[PDB]
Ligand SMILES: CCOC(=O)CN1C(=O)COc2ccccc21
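This document opens with one chain alone, in structure tokens, the form deposited without the ligand.
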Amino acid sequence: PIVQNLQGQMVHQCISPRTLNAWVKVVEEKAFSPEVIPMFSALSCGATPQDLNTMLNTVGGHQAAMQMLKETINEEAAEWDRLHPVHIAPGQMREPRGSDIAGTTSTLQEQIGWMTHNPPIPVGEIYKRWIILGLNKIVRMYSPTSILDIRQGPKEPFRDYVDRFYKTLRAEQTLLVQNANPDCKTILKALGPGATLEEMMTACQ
């Protein structure tokens, strides 16, 4: 990543073994559950494109997902090149193409040059956005259940049902009441409109 040193200059630092292991382990344990995306984003804080490829490339499983991700990245790269055509002046900085942002045709030094320029050409942040776009599609693809099929069991605590409901809604990216069981549905219908989730949860507790 690029970080501020103690003196206050923006310097490149090696990606840490702790960061590398954290990402690999979270993918092993959580696959593409929605909460993996904000973990990815936080673990890649200050990442160069090189770092971002490192993180993606260190994943051993899920190669169907990783191939879908490349497709998304290539679509975003092509759209970048459409909006940002490029024409080298000796010792000067060239303008990044899509594949330079994605780290496949740019060097680490070029990446550092862009990201620490004044003003910065934030190739790490641009690439991270494309990756997250791609990961969101994967999360939704691998979401196993429609919210229409999240219905409260006859003996299921309301809390547990609501957990399943909003878990599913998050992965999928009135119905809460309609899908409740008969006893809690009746209680919730008599709360009237504009009840908060807290009030519903209290009511069916």
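When you see a residue number, it is the position in the sequence shown, counting from 1.
Form solved in complex with the ligand: not shown, discussed below.
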With a cut-off of 4.5 Å between heavy atoms, is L176 one of the residues that contacts the ligand in the deposited complex? no
Contact of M66 with the ligand in the deposited complex (heavy atom, 4.5 Å): yes
Partner proximity in the deposited complex: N57 to the ligand, non-hydrogen atom cutoff 4.5 Å: yes
Using 4.5 Å between non-hydrogen atoms, is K137 touching the ligand in the deposited complex? no
Across 12-26, which residues bring a heavy atom to within 4.5 Å of the ligand in the deposited complex? none
